[PDB]
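Enquirer: show me how the following folds:
(chains A and B)
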Amino acid sequence: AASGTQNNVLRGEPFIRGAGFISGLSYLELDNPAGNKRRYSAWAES
Amino acid sequence: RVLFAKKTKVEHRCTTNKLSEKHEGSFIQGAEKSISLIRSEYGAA
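Expert: Numbers count the residues shown, from 1 in each chain, chains lettered A, B, ... in the order given. Take a look:
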């Protein structure tokens, strides 16, 4: 008899306060923990 | 046997026991962080 249990839960809540570009950094957190350099520069310009 | 009378008795018994336990595992952990500041908005890259 063999039994295996797998359980992994990872949740992120980015806060990017760039009015329209604020949602980009929040949506990019899905599977991408590191922030995009180009997206970060765009948010800084915003 | 003495002489008619004959007697013979044979006995045999063996035992064996073995135990083998092996456990090997490794755990590693490493954390790295950074902090910086920059004193236009283009330089934020």
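
Enquirer: enumerate the residues of chain B near chain A.
Expert: B:41, B:42, B:44, B:45 (Cβ under 8 Å from any Cβ of the partner chain). Just so you know, the C-beta spots here come from the backbone N, C-alpha and C atoms, and that holds for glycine as well.

Enquirer: mind checking the SS state of the nearest residue to the third one once chain neighbours are set aside?
Expert: Read it as residue B:44. Of all residues not flanking residue B:44 in the chain, residue A:44 sits nearest, at 3.3 Å (Cβ to Cβ, 6 or more residues apart in numbering or on different chains). Applying DSSP: H, G, I helix; E, B strand; the rest coil to residue A:44 yields a three-state assignment of helix.

Enquirer: which residues touch residue A:44?
Expert: Applying Cβ atoms under 8 Å, 6 or more residues apart in numbering or on different chains to residue A:44 gives the contacts A:18, B:41, B:42, B:44, B:45.

Enquirer: verify the stated contact: the first one with residue A:46.
Expert: What it means is residue A:18. Yes: using Cβ atoms under 8 Å as the test, residue A:18 is close enough to residue A:46 to be in contact (2.7 Å).

Enquirer: returning to what we had before: list just the nearest of the residues of chain B next to chain A to residue B:7.
Expert: Distance to residue B:7 across the residues of chain B next to chain A (Cβ to Cβ) is lowest for residue B:45, with 104.6 Å.

Enquirer: how far away is the closest one from residue A:13?
Expert: For residue B:45, the distance to residue A:13 equals 24 Å [Cβ to Cβ, to the nearest Å].

Enquirer: in terms of neighbours, single out the busier of those two.
Expert: Using other Cβ atoms under 10 Å in any protein chain shown, the more surrounded residue of residue B:45 and residue A:13 is residue B:45, with 12 against 6.
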